[PDB]
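Visitor:
There are 2 protein chains.
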Amino acid sequence: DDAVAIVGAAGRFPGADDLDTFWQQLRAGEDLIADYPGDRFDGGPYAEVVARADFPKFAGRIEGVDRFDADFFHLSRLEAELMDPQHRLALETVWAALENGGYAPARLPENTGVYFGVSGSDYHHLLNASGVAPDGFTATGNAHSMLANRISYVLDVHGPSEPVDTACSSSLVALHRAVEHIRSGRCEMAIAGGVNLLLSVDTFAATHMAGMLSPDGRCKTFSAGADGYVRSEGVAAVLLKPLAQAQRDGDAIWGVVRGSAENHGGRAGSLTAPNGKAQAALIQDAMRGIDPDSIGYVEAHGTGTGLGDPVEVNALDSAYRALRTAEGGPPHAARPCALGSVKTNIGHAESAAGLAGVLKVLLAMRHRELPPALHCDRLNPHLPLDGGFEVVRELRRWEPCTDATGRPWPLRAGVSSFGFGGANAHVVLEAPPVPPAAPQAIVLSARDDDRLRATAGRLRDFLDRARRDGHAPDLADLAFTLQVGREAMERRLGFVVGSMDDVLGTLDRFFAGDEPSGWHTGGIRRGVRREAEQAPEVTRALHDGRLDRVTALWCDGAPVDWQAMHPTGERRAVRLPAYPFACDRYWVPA
Amino acid sequence: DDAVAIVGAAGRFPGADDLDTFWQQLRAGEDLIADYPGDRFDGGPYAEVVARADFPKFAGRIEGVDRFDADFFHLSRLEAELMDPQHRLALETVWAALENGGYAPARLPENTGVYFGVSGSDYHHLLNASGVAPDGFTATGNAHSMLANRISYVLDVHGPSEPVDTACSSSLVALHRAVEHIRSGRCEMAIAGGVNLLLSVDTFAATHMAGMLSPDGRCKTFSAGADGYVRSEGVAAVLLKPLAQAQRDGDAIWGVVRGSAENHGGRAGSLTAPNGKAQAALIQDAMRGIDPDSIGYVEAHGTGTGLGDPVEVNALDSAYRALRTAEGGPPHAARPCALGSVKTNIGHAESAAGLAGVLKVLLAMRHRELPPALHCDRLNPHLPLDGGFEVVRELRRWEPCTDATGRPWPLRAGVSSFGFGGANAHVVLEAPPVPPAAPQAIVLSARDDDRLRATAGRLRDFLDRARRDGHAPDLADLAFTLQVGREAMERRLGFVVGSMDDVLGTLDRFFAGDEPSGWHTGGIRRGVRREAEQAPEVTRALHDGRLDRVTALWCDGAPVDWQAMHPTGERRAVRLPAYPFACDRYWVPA
Ligand SMILES: [Cl-]
Ligand SMILES: [Cl-]
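Quick look at the structure:
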């Protein structure tokens, strides 16, 4: 009887390795398209297999695509080297989202679903073209099913585990499928994600022949000179949970999914032609119950193809128009709804394209701002003259829509995503609800001591830029999140504070490599126990109020039941930095 | 408030090109595993790329994998040559199921969903290994999304269109996803299918290294000497519709889906190890509400791996045992439930494996018989001694289970399917309900005149073996199905009968190539109009009762509204032979 909260998020896109960087770039009107391939293939001969190919040499690229923390997931160098980098970045980003939402694997319900969009097997082609004989790891390393299932394996969850391949709309359909299963009760929480990586020539060449790649490698969405798109890399995941449940548990909500629909184009004239009447039917379906005067922004699919862009925008107009009419509202809108597309910034990330859209909107919601569209100085002549939709070409404050009586809705927005095979999805998002109005144990951990210093360092840094700006987390909330929002790993750090410069000071000294002065250090090595167990000594150490002893016990491996301590109603989760995954290189073997 | 009917079906498996042949072979205890590759690659050099590889050289193969009617779907030889044979056989088999269920595309609701399981891109590897430069058709011809979307494009439907990749369980999950969407109202009818074709070395070699292929290439499921499995080709589709709606419309029901569940293994010890406690949880989930004393047969996943088989069977025991207990029934079963696996006949068809299971069961239901399991003379020592489940090693009549009072349930059965990544689905099927207790227009059509003679011929043949056995269709029902269950194509035949030797005689003379004597001939060539239109002349020709004139008008292209004629309550659909697709060869280009 309620909607689905987005409670955690992560992404890597051209130029940005985290969502905070991404948003910064969108806001500045940064164009992040670069050259293809770059140093990607320079190790072997495949480098000029690329140079000989026909297509326009551009892409939005992720830096460090060959990098992966294989020890984190306990993998052979060999198992990792034959593993599609798409699976590798999926793992890391999914983990990142989990942490950002404040979820250690053991906090997840056992029926957590996993729906991850993915389209290409570029790497597997790359292996073959390099002469790499088959191994048992190759099959595992390259089946799309494994992308999803390996995640469910890593997290020990038992909800449905599916790759989604609807081409260019895969990740939006993911989000939709996850929402279905949450609304239906099959899942209590779910992970929806998408990934796309450009690791071979095959699709580049083919798309070019199709006449779909623009000669200057830009997605000039809405422009008059739109003439194709440019492929991009990207990876994203979001953690999902029923809104009501998420409010009681004090999760940090990014946004709410109010509506959501998918459909297929049917016979559209050609296999890969856009179908406006289907795109309309879709939106009306997702906007069922929602007031269209209530939508403030639409993140359009917006490939920047000369045909696709006006079709989409006319279909959108046609749909909101149909919607207004149904409820007795006047034929034309009260004011122009804003319109845009992240593809002008980062290009067309295909399987990851949908969620790039979603995250842009959620970020815009956070900062109550709409970023500029790019290459869009001269608008397209086939966009509607009727003034129903405005393209945002100018960084503006995002003011809320407002009712007839004058009531203001929460910020709302639509996102579209259309596969080149005719599979379409559309999501309607809403801004998160306003959250309503003692010594603590600080607990860190990583795999290596090196990674522990790393975690502590980045925590120090984040914590004080959040005081030089006053956005400091509440202490018990910070401690709460480090306790339950993090997997307790092999190497452990722990200590006890009463204030937060107590925190910041203790971190600065550990990083600088001092011998302990009131902090503790511990270790171990070698399923997921979601059961609540607590060591007999810890149980009565807590009885006394000797926090520090608990902390030091926890470091040499004493099981603790952290959620037992806090008022089960009170605590709220906090967005801290994610794990500093090692930058080990795993590429094609020799 | 009801279950989902299976209203149409088709399949191609090792040795059998239709379901009637399939069943025949299962009943006889035929082992259809052959050698790999065969003449498949003999055209080029890839033939001894295979010979040099390591794996045991066996597979269940489909004959005529390079064959396809590309003109039927209006395709370039070039577009078809770069098109994954998996997409090609999908198209043809989906079409076959549609016809078998008595559905022309125009009889489908516009929100028909399409969920098709598929795992490998073997062909795309084959193209690259042959040196085939990329084309725009390659990308389209090999993306998994296209497999599904091209079908929605061909049928002009707008429900969700998805490939499903959960590895070895893909097609069972398909069936499950389609059922979800029917039960939820998103779809009014849906198509679930699966396909698997062995067109490259890559997966063969890899699986072998994994130690999963048996040295003698047989799935010796339940045997004591089970030591691996053998890969198989296969393609299947089923048409789905809400039971109630299907009864009012008098569709020919294959079976009912009573329950259905999917889940994932989570952490099972290794990525590809079976997880009994998950397999149990799954079954209990799907069997929710169903009485386990009510199940007569289980088509087990049954790979014939030494470990997997007992695990599955113990998990099954553990589950039914848990079920019985919940309702106050005695600890042990009233009588042993039968157990089996089509994999002993046809091997392990991977993505198509699930539906092979389903269709076997539906066929067994039709004929009220259970076929023998194979290579199973000496049972596995880790199967339960408790007598809960019996392996059928002997062709037996399938007698119904029966209540305590003595009431007999309809025949019921369970089917399992477990992906090697940990994604599991389980379906519970139930036998179809017992169907309760004038001149007609006979109408045929094909693309070519050659294909028309073909259709007429096979119709003659089927119709009289169905009288030499007395299984003749009712005439108006036969005519009804040819009218509305068939796409009206380019070349047309029509005539009017009062009896069925009138039918059989008129077909015999047309086939033999006589000049017409009371039959008509017509043609045309060059979206799907689900609208009911009817030419002004036809409208009043019907007013008169001049059937023949309608028939002859319909041949030169006069639109007819056939469902307007019949009592909209009365008519029932009939299983006739499907379209005789041309056997044109489309393989790797030079
Ligand atoms: Cl812990
Ligand atoms: Cl017609």
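Listed in order, the protein sequences are those of chains A and B.
For the first sequence, the numbering used here begins at 1 and goes up steadily by one.
For the second sequence, the numbering used here begins at 591 and goes up steadily by one.
For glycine and all other residues, C-beta sits at the position ideal for the given N, C-alpha and C.
Output yes if chain A places a C-beta closer than 8 Å to the C-beta of residue 693 (chain B); else output no.
Guide: Mapped onto the second sequence, residue 693 (chain B) falls at position 103. No, its Cβ sits nowhere closer than 8 Å to a Cβ of chain A.
Visitor: Since I believe residue 300 (chain A) is in contact with residue 355 (chain A) (beta carbons under 8 Å), could you give me their beta-carbon distance rounded to a whole number of angstroms?
Guide: Along the first sequence, read from residue 1 onward, the residue named residue 355 (chain A) stands at position 355. Along the first sequence, read from residue 1 onward, the residue named residue 300 (chain A) stands at position 300. With 8 Å as the limit, residue 355 (chain A) and residue 300 (chain A) do not qualify as a contact, their Cβ atoms being about 15 Å apart.
Visitor: Are the region 39-49 of chain A and the region 125-136 of chain A touching by the rule of at least three beta carbon pairs closer than 8 Å?
Guide: yes
Visitor: Quick one: Cα of residue 677 (chain B) to Cα of residue 248 (chain A), how far?
Guide: Position 87 of the second sequence holds residue 677 (chain B). Position 248 of the first sequence holds residue 248 (chain A). For residue 677 (chain B) and residue 248 (chain A), the distance between alpha carbons rounds to 48 Å.
Visitor: Check residue 341 (chain A) in the structure and name its three-state DSSP category.
Guide: Here residue 341 (chain A) is taken as the residue at index 341 of the first sequence, counted from 1. Correct three-state label for residue 341 (chain A): coil.
Visitor: Run the proximity test for residue 1131 (chain B): is its beta-carbon closer than 7 Å to any non-hydrogen atom belonging to ligand 2?
Guide: Within the second sequence, numbered from 1, the residue matching residue 1131 (chain B) stands at position 541. Every heavy atom of ligand 2 is 7 Å or more from the Cβ of residue 1131 (chain B), so no.
Visitor: What first and last residue would you give for the beta strand (DSSP E) that runs through residue 416 (chain A)?
Guide: Locating residue 416 (chain A) in the first sequence gives position 416, counting from the first residue. Segment 412-418, the beta strand (DSSP E) holding residue 416 (chain A).
Visitor: Does any residue of chain B bring its CB to less than 8 Å from the CB of residue 588 (chain A)?
Guide: Here residue 588 (chain A) is taken as the residue at index 588 of the first sequence, counted from 1. It does not; no Cβ of chain B falls within 8 Å.
Visitor: So the candidates are A:413, A:352, A:582 and A:293; which of them puts its Cα closest to the Cα of residue 452 (chain A)?
Guide: What you label residue 452 (chain A) is simply residue 452 of the first sequence in a count that begins at 1. The shortest C-alpha separation from residue 452 (chain A) is found at A:582.
Visitor: Nearest-angstrom Cα distance between residue 58 (chain A) and residue 219 (chain A)?
Guide: Within the first sequence, residue 58 (chain A) is the residue found at index 58, counting from 1. Within the first sequence, residue 219 (chain A) is the residue found at index 219, counting from 1. Going by the C-alpha atoms only, they are around 11 Å apart.
Visitor: By DSSP, does residue 536 (chain A) sit in helix, in strand, or in coil?
Guide: The residue labelled residue 536 (chain A) in the question sits at position 536 within the first sequence. It is helical.
Visitor: May I ask which residues mark the beginning and end of the beta strand (DSSP E) holding residue 191 (chain A)?
Guide: Start at 1 with the first residue of the first sequence, and residue 191 (chain A) comes out as number 191. In the DSSP assignment, residue 191 (chain A) falls within the unbroken beta strand (DSSP E) covering 189-196.
Visitor: Quick check on residue 49 (chain A): does DSSP put it in helix, strand or coil?
Guide: Numbered from 1 along the first sequence, position 49 holds the residue referred to as residue 49 (chain A). The answer is helix: DSSP assigns residue 49 (chain A) an H, G or I state.
Visitor: In chain order, what residues of the region 188-203 of chain A put their CB closer than 9 Å to some CB of chain B?
Guide: 201, 202 and 203
Visitor: Closer than 7 Å by beta-carbon distance: list the chain A residues that pair up with residue 799 (chain B), in chain order.
Guide: Here residue 799 (chain B) is taken as the residue at index 209 of the second sequence, counted from 1. Near residue 799 (chain B) (Cβ distances below 7 Å), the residues of chain A are 135 and 136.
Visitor: Compare the beta carbon distance of residue 1048 (chain B) and residue 1167 (chain B) with 8 Å and say whether it is the shorter of the two.
Guide: As a position in the second sequence, residue 1048 (chain B) is number 458, starting the count at 1. As a position in the second sequence, residue 1167 (chain B) is number 577, starting the count at 1. Cβ atoms of residue 1048 (chain B) and residue 1167 (chain B): closer than 8 Å.
Visitor: With H, G and I counted as helix, E and B as strand and the rest as coil, what does DSSP make of residue 402 (chain A)?
Guide: Residue 402 (chain A) sits at position 402 when you count from the first residue of the first sequence. Judged by DSSP in its simplified three-state form, residue 402 (chain A) adopts strand.
Visitor: Mapping the DSSP letters down to three states, classify residue 950 (chain B) as helix, strand or coil.
Guide: What you label residue 950 (chain B) is simply residue 360 of the second sequence in a count that begins at 1. Correct three-state label for residue 950 (chain B): helix.
Visitor: Can you name, in chain order, every residue of its own chain whose Cβ lies under 6 Å from the Cβ of residue 264 (chain A), other than the five neighbours on each side?
Guide: Taking the first residue of the first sequence as position 1, residue 264 (chain A) is located at position 264. Answer for residue 264 (chain A): 422 and 423, listed in chain order.
Visitor: Less than 7 Å between the CB of residue 559 (chain A) and some heavy atom of ligand 1, yes or no?
Guide: In the first sequence, residue 559 (chain A) corresponds to position 559, counting from 1. Checking every heavy atom of ligand 1 against the Cβ of residue 559 (chain A), one is found closer than 7 Å.
Visitor: If you draw a straight line from the alpha carbon of residue 1137 (chain B) to that of residue 1144 (chain B), how long is it in whole angstroms?
Guide: Mapped onto the second sequence, residue 1137 (chain B) falls at position 547. Mapped onto the second sequence, residue 1144 (chain B) falls at position 554. When rounded, the distance between both Cα atoms is 11 Å.
Visitor: Based on the DSSP secondary-structure assignment, which residues constitute the bridge partners of residue 1016 (chain B)?
Guide: As a position in the second sequence, residue 1016 (chain B) is number 426, starting the count at 1. Bridge partners of residue 1016 (chain B): B:851 and B:1006.
Visitor: With 16 as the cutoff for other CB atoms within 10 Å, does residue 1175 (chain B) come out buried or exposed?
Guide: Here the question's residue 1175 (chain B) lines up with position 585 in the second sequence. The residue in question, residue 1175 (chain B), is exposed, as its Cβ has fewer than 16 Cβ neighbours within 10 Å.
Visitor: If you reduce the DSSP assignment to three classes, tell me which class residue 140 (chain A) lands in.
Guide: Locating residue 140 (chain A) in the first sequence gives position 140, counting from the first residue. Residue 140 (chain A): helix per DSSP, three-state reduction.
Visitor: Please state whether DSSP places residue 492 (chain A) in a helix, a strand or coil.
Guide: Taking the first residue of the first sequence as 1, we reach residue 492 (chain A) at position 492. Residue 492 (chain A) falls in the strand class under three-state DSSP.
Visitor: So is the beta-carbon of residue 479 (chain A) under 7 Å away from any non-hydrogen atom of ligand 1?
Guide: Start at 1 with the first residue of the first sequence, and residue 479 (chain A) comes out as number 479. Incorrect: residue 479 (chain A) has no Cβ contact closer than 7 Å to ligand 1.
Visitor: Kindly indicate if chain A contains any beta-carbon less than 8 Å away from that of residue 899 (chain B).
Guide: By one-based count along the second sequence, residue 899 (chain B) stands at place 309. No, because no Cβ of chain A sits closer than 8 Å to the Cβ of residue 899 (chain B).
Visitor: Please identify the residue among A:484, A:563, A:552 and A:176 whose C-alpha is closest to the C-alpha of residue 101 (chain A).
Guide: Indexing the first sequence from 1 puts residue 101 (chain A) at position 101. Checked all of A:484, A:563, A:552 and A:176; the closest Cα to residue 101 (chain A) is A:484.
Visitor: Less than 6 Å between C-beta atoms, sequence neighbours within five positions excluded: which residues of the same chain meet that for residue 841 (chain B)?
Guide: Taking the second sequence and counting its residues from 1, the one referred to as residue 841 (chain B) is at position 251. Contacts found: 597 and 1163.
Visitor: Let me confirm a value: residue 352 (chain A) is counted as buried when at least 16 other C-beta atoms fall within 10 Å, else exposed. Which label applies?
Guide: For the purposes of this step, residue 352 (chain A) is taken as the residue at position 352 of the first sequence. With 16 or more other Cβ atoms within 10 Å, it is buried.
Visitor: Using a beta-carbon distance cut-off of less than 7 Å, what residues from the region 154-165 of chain A approach chain B?
Guide: 156, 157, 158, 159, 160, 161, 162, 163 and 165
Visitor: Should residue 181 (chain A) and residue 160 (chain A) be called a contact, given that it needs their Cβ atoms to be closer than 8 Å?
Guide: On the first sequence, residue 181 (chain A) is found 181 positions in, with the first residue counted as 1. On the first sequence, residue 160 (chain A) is found 160 positions in, with the first residue counted as 1. Taking 8 Å as the Cβ cut-off, residue 181 (chain A) and residue 160 (chain A) qualify as a contacting pair.
Visitor: Quick one, which of B:1031, B:670, B:959 and B:658 has its alpha-carbon nearest residue 1071 (chain B)'s?
Guide: Stepping through the second sequence from its first residue, residue 1071 (chain B) is reached at position 481. The candidate whose alpha carbon is nearest that of residue 1071 (chain B) is B:1031.
Visitor: In whole angstroms, give me the CA-to-CA distance for residue 1178 (chain B) and residue 821 (chain B).
Guide: Position 588 of the second sequence, counted from the first residue, corresponds to residue 1178 (chain B). Position 231 of the second sequence, counted from the first residue, corresponds to residue 821 (chain B). Their Cα atoms are separated by approximately 22 Å.
Visitor: Is there at least one Cβ from chain A nearer than 8 Å to residue 856 (chain B)'s Cβ?
Guide: Position 266 of the second sequence, counted from the start, is the residue given in the question as residue 856 (chain B). Residue 856 (chain B) counts as touching chain A.
Visitor: Give a yes or no on whether 8 Å exceeds the smallest Cβ distance from residue 528 (chain A) to chain B.
Guide: Residue numbering aside, residue 528 (chain A) sits at position 528 when the first sequence is read from its first letter. Chain B, which has a Cβ nearer than 8 Å to the Cβ of residue 528 (chain A), makes this yes.
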